[PDB]
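J.: Below are the structure tokens for one structure; questions will follow.
2 protein chains.
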Amino acid sequence: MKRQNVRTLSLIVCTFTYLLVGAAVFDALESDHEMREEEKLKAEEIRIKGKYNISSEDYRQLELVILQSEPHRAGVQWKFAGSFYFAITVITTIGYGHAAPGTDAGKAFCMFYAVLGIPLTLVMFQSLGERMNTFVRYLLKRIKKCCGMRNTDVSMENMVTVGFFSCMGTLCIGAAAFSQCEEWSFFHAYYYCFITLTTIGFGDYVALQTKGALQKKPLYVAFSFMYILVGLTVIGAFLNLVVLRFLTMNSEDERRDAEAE
Amino acid sequence: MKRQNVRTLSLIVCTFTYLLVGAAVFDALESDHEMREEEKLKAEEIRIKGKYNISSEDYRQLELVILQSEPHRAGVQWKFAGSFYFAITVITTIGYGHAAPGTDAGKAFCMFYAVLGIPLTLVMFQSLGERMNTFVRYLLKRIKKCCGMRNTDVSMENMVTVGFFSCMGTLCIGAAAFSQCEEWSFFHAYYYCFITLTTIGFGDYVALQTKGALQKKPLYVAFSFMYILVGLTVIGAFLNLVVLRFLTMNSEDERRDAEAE
Ligand SMILES: CC(C)CCC[C@@H](C)[C@H]1CC[C@H]2[C@@H]3CC=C4C[C@@H](OC(=O)CCC(=O)O)CC[C@]4(C)[C@H]3CC[C@]12C
Ligand SMILES: CC(C)CCC[C@@H](C)[C@H]1CC[C@H]2[C@@H]3CC=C4C[C@@H](OC(=O)CCC(=O)O)CC[C@]4(C)[C@H]3CC[C@]12C
Ligand SMILES: CC(C)CCC[C@@H](C)[C@H]1CC[C@H]2[C@@H]3CC=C4C[C@@H](OC(=O)CCC(=O)O)CC[C@]4(C)[C@H]3CC[C@]12C
Ligand SMILES: CC(C)CCC[C@@H](C)[C@H]1CC[C@H]2[C@@H]3CC=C4C[C@@H](OC(=O)CCC(=O)O)CC[C@]4(C)[C@H]3CC[C@]12C
Ligand SMILES: [K+]
Ligand SMILES: [K+]
Ligand SMILES: [K+]
Ligand SMILES: [K+]
Ligand SMILES: [K+]
């Protein structure tokens, strides 16, 4: 009886203590960096606003104009290439938000589109991940036969090893690809890859948004979309191997508790 | 044998055709709206840049200054309240990106923090969702006993009804709460609630970012965090009821295929 509850409460208490350990570390890592940046930006504002004697209403309007032009200076978003990039970022839940629906009709359709798109996408990547893990298990057992191993067992530790180095590999191949095209540093390209395939998607870095690359370099658009849909497949297969048993075993324990009645 | 493959391929083909149906509709809904907005913003830029004779290097620097000041004009982010809000938006994968780690040390810690935080959060919300569905099943069967129903069965259709109206309810309670505090329209507040609890998180709308509300209105900070952690629990419970069987039945079918050997 109680086992389901004690594991639920221990998960909750673990989560909230993990948030506290998070928050106090992000304060320690960069409250001072924000404090430097604010002062430096304020000085640059004051000197420019003064040198041109910009009126407060004019500066406010210019600020709004700049902030709303930021999504357009990267090149036209809402054409088929960019609408396909957006649709990917909705149904996979990346949600960069480099562009977002302007009209209320766009917002309303985006909600109805996500409602159906996301269950479909979860079931697709989890099915294709289970196929990947089955294929890897076959090829690894055959590899042990070819290597003449003393037994053909393929333990959980072997699968978890190949899964983890598949994740590390696909992130490094992403970083090496994007750093050569977007001119980000390798570390920032790796950060962008991790934040994409994890589906966090802050959207401070966004691929393709460079001198109209969404229109002038369609082979690289194709790479970016295939990289998302393949990388999420590999991460999905890794969660399918390591984590998914824990989602169901609470219900399995409840079924066992009912069968013990 | 083939059933696992034909369902995998049909899911893939369904996903890609669903992306095409998406992209061609977002083009139809708002390519023209972008085309109007670009022209209007270009005219406002030209008139202001000309009226003050702003030099191109000065305008470029001012543009960078404005874009980097946007995350600070909302109030200081990296203090405990804002670091806790950020930590929520990482481990739940909302990822608004209203703020993002400035220093490379912040980025590196954010990656190690997400790696462990997200599996923990999935297991927490799926466990707590399974608890919610069990409790709802109990209370609904007792409600049928109290109402004197001709039988005490609690079918899937009854659970799916209560789950769906729980999702619709928690979104409406969110929209009614935020529209009264952020001064968004009710539709935009509902859009923000749906985009938050779906974990897409574009970050064009973000709660708390208003005249320092992260520091002056801590009771409303508390509401925003509880609304995220409760709303995701309800959405998690709904996916646990409707979708989760489809993630596993592909492996169950493979086990059956092995047992038939
Ligand atoms: C993706 C890779 C890099 C990391 C994967 C980590 C997860 C597999 C870990 C992280 C947190 C773990 C959970 C943290 C705490 C608990 C509570 C624990 O419950 C108890 O001990 C209660 C008493 C009992 O059930 O015996 C059961 C395991 C569980 C769910 C853990 C299951 C495994 C989790 C999800
Ligand atoms: C299912 C698996 C086995 C195969 C996947 C095939 C991919 C190589 C396809 C699927 C969708 C394709 C993309 C769909 C749409 C576009 C937009 C297209 O852009 C335009 O036509 C420009 C439009 C404009 O600028 O108005 C360039 C090709 C591209 C990126 C395609 C590149 C090739 C992709 C990624
Ligand atoms: C969250 C609410 C609002 C919507 C939930 C929708 C899902 C429950 C639907 C959406 C798309 C559906 C999938 C679309 C297509 C298929 C392929 C289908 O495969 C076959 O028919 C192959 C042959 C066979 O297996 O008999 C099996 C069901 C499945 C996975 C569906 C399972 C149920 C899904 C995930
Ligand atoms: C687990 C369940 C059953 C109970 C959940 C309790 C909540 C009501 C707690 C958990 C975390 C708490 C929050 C943790 C941290 C803060 C930041 C705090 O802000 C400050 O102290 C300002 C700091 C600064 O400005 O430097 C205001 C209260 C608040 C939002 C707390 C409000 C109450 C919360 C949401
Ligand atoms: K997400
Ligand atoms: K996001
Ligand atoms: K997201
Ligand atoms: K985002
Ligand atoms: K943004």
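Line by line, the protein sequences give chains B and A. The authors' numbering applies: residue 1 is where the first sequence begins, and numbers increase by one. The authors' numbering applies: residue 1 is where the second sequence begins, and numbers increase by one. Think of the CB as a built atom: it goes at the ideal place given N, C-alpha and C, for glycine as much as any other residue.
Just to confirm the assignment, what range does the alpha helix (DSSP H) spanning residue 263/A have?
T.: This structure does not reach residue 263/A, given that chain A is present from 1 up to 261, and the question cannot be answered.
J.: I need the straight-line Cα distance from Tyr52/B to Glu39/B, nearest angstrom please.
T.: Between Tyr52/B and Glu39/B, the C-alpha separation is close to 20 Å.
J.: Using a beta-carbon distance cut-off of less than 9 Å, what residues from the region 111 to 124 of chain B approach chain A?
T.: Here the close residues are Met111, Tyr113, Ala114, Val115, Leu116, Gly117, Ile118, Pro119, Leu120, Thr121, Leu122, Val123 and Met124.
J.: Does the CB of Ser69/B have a neighbour CB from chain A at under 8 Å?
T.: Yes, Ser69/B counts as interfacial toward chain A.
J.: Can you tell me the Cα-Cα spacing of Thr89/A and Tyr96/A, whole angstroms?
T.: Cα to Cα, the separation comes out at about 7 Å.
J.: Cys14/A touches chain B at which residues, Cβ-Cβ below 9 Å?
T.: Neighbours of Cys14/A on chain B, chain order: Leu120 and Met124.
J.: So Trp78/B contacts chain A; which residues on that side make the cut at Cβ distance below 9 Å?
T.: By Cβ distance, chain A contributes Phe26, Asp27, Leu29, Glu30, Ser31, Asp32, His33, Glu34 and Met35.
J.: At a Cβ threshold of 8 Å, is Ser127/B touching chain A?
T.: Output row for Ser127/B: interface = yes.
J.: Give a yes or no on whether the minimum CB-CB distance between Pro101/A and chain B is below 8 Å.
T.: Answer yes: the Cβ-Cβ gap between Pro101/A and chain B drops below 8 Å somewhere.
J.: Quick test of the definition: if touching needs 3 or more C-beta pairs under 8 Å, does the region 105 to 119 of chain A touch the region 19 to 37 of chain B?
T.: Yes, the region 105 to 119 of chain A is in contact with the region 19 to 37 of chain B.
J.: For the putative contact between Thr199/A and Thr92/A, defined by C-beta atoms under 8 Å, what is the C-beta separation to the nearest angstrom?
T.: That belief holds up - the Cβ atoms of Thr199/A and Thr92/A are roughly 6 Å apart, short of 8 Å.
J.: My assumption, with CB atoms under 8 Å, is that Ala175/B sits in contact with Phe186/B. Please give the rounded CB distance.
T.: Confirmed, about 6 Å.
J.: I want to verify the contact list: residues of chain B whose CB lies under 7 Å from the CB of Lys107/A, in sequence order.
T.: By Cβ distance, chain B contributes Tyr191.
J.: Taking 7 Å as the limit, name every residue whose beta carbon sits nearer than that to some heavy atom of ligand 7, in sequence order.
T.: Spelled out in chain order, the answer is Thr93/B, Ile94/B, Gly95/B, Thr199/B, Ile200/B, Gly201/B, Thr93/A, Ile94/A, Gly95/A, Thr199/A, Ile200/A and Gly201/A.
J.: Please report the residue range of the alpha helix (DSSP H) in which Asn151/A lies.
T.: Segment: none, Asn151/A is in no alpha helix (DSSP H) and carries neither H nor E.
J.: Taking residue 263/B and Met132/B to be in contact with their CB atoms under 8 Å, please state how far apart those CB atoms are, rounded to whole angstroms.
T.: This structure cannot settle anything about residue 263/B, because the visible part of chain B is limited to 1 through 261.
J.: Name, please, each residue of chain A whose Cβ falls closer than 8 Å to the Cβ of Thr134/B.
T.: Within chain A, the residues near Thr134/B are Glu254.
J.: Does any C-beta atom of chain B lie closer than 8 Å to the C-beta of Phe238/A?
T.: It does not: the Cβ of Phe238/A has no partner Cβ on chain B nearer than 8 Å.
J.: With respect to 7 Å, is the separation between the Cβ of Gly174/A and the closest non-hydrogen atom of ligand 8 below this value?
T.: No; taking the cut-off as 7 Å, the Cβ of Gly174/A has no heavy atom of ligand 8 nearer than that.
J.: Please determine, among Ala81/B, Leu64/B and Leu29/B, the residue with the shortest C-alpha to C-alpha distance to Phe80/A.
T.: Comparing Cα positions, the closest option is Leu29/B.
J.: For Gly129/A, which three-state DSSP category applies?
T.: Of the three classes helix, strand and coil, the one that applies to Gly129/A here is helix, per DSSP.
J.: Between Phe178/A and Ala207/A, how many whole angstroms is the CB-CB distance? I'm expecting something under 8 Å.
T.: Yes, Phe178/A and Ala207/A are in contact; Cβ-Cβ is about 6 Å, under 8 Å.
J.: Quick one: which chain A residues come within Cβ less than 9 Å of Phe86/B?
T.: Within chain A, the residues near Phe86/B are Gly22, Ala23 and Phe26.
J.: Is there at least one Cβ from chain A nearer than 8 Å to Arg3/B's Cβ?
T.: Taking Cβ atoms only, chain A never reaches closer than 8 Å to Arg3/B, which makes this a no.
J.: Look at the alpha carbon of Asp257/A and the alpha carbon of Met1/A, and state the distance between them as a whole number of angstroms.
T.: So the two alpha carbons sit approximately 6 Å from each other.
J.: Any residues in the region 223 to 236 of chain A with a beta carbon nearer than 8 Å to a beta carbon of chain B? Which ones, in chain order?
T.: For the region 223 to 236 of chain A, which is checked against every Cβ of chain B, not one residue is closer than 8 Å.
J.: Show which residues of chain B have a CB atom less than 9 Å away from the CB atom of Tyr220/A.
T.: Neighbours of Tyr220/A on chain B: none; closest Cβ ~18 Å, over 9 Å.
J.: For a cutoff of 8 Å on Cβ pairs, would you count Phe165/B as touching chain A?
T.: No, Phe165/B does not count as interfacial toward chain A.
J.: Can you round the beta-carbon distance between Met124/A and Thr248/B to whole angstroms, since I take them to be within the 8 Å contact cut?
T.: With 8 Å as the limit, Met124/A and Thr248/B do not qualify as a contact, their Cβ atoms being about 15 Å apart.
J.: Would you please state the rounded distance, in angstroms, between the beta carbons of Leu241/A and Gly163/A? I believe it to be under 8 Å.
T.: Right, their Cβ atoms sit about 5 Å apart.
J.: Taking the beta carbon of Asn250/A as the centre, do at least 16 other beta carbons fall within 10 Å, making it buried, or is it exposed?
T.: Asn250/A is buried by the Cβ-count criterion.
J.: Jot down the residue ranges of each uninterrupted alpha helix (DSSP H) in the region 164 to 198 of chain A, minimum 4 residues, whole runs only, in chain order.
T.: The region 164 to 198 of chain A contains these whole alpha helix (DSSP H) runs: 186 to 197.
J.: Excluding the 5 residues flanking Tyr205/A on each side, which residues of the same chain have their C-beta closer than 6 Å to its C-beta?
T.: If we look at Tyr205/A and ignore the five residues flanking it on each side, its Cβ neighbours are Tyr192.
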